[PDB]
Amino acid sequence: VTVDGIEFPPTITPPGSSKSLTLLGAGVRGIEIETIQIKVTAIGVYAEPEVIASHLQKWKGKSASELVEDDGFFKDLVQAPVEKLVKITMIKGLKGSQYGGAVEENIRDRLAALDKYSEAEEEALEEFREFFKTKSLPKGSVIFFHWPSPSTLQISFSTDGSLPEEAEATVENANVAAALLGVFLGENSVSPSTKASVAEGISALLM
């Protein structure tokens, strides 16, 4: 499986973890320059297939096109209490503070909309901001977002693109954790391509 020349492995064990997760789908974050789509990142989404399948039973029989159009499906996915991992490979290089500010803005907008942005969420976003502050994210580098639990976010990163040995940082906050996942799979998604791919992955899995 490859996305814009970036191959996503069928499985990944999250940094520091023992549980092997399976690729559900992958896509890109696209931004436009005067109507032209530019690919900035490739995004791969991983979870435990047997396990996540058992929380999404209600969606069996539905095709990819049907899941894609159903917002409750992605909500289930986001909310499902199983281990998840998102692997992001940079296609255009960015400053960590740029990548980090963009994600933070997305999350904050989501928390605001849900009316779930209080002091705790602010402090968690600070930790998230702190992670990317002095980092550079060149072409080919990789960020790992790992949700061992829906309220626990573990982050790591390698300039190399190689798999970190361990998680570098942990952010403990249910709302921010879930909103970040939503950046990818949610109403607040930056990547319709990833969502369509994950839908196509899960559809096939449920049959």
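Residue numbers run from 1 along the displayed sequence.
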item: 161 to 169 set against 39 to 47, stretch whose average Cα temperature factor tops the other in the entry; value: 161 to 169
item: Selected stretch [higher average CA B-factor]: 20 to 28 or 5 to 13; value: 5 to 13
item: Maximum C-alpha temperature factor, selected from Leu114, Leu85, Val103, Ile88; value: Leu114
item: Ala53 - Cα temperature factor, lowest/middle/highest third of chain; value: highest
item: CA B-factor ranking of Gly61, expressed as a third of its chain; value: highest
item: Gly140, C-alpha B-factor rank within chain (lowest, middle or highest third); value: middle
item: Modelled-residue ranking by C-alpha temperature factor, third containing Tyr99; value: lowest
item: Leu67 CA temperature factor, ranked by third within the chain; value: highest
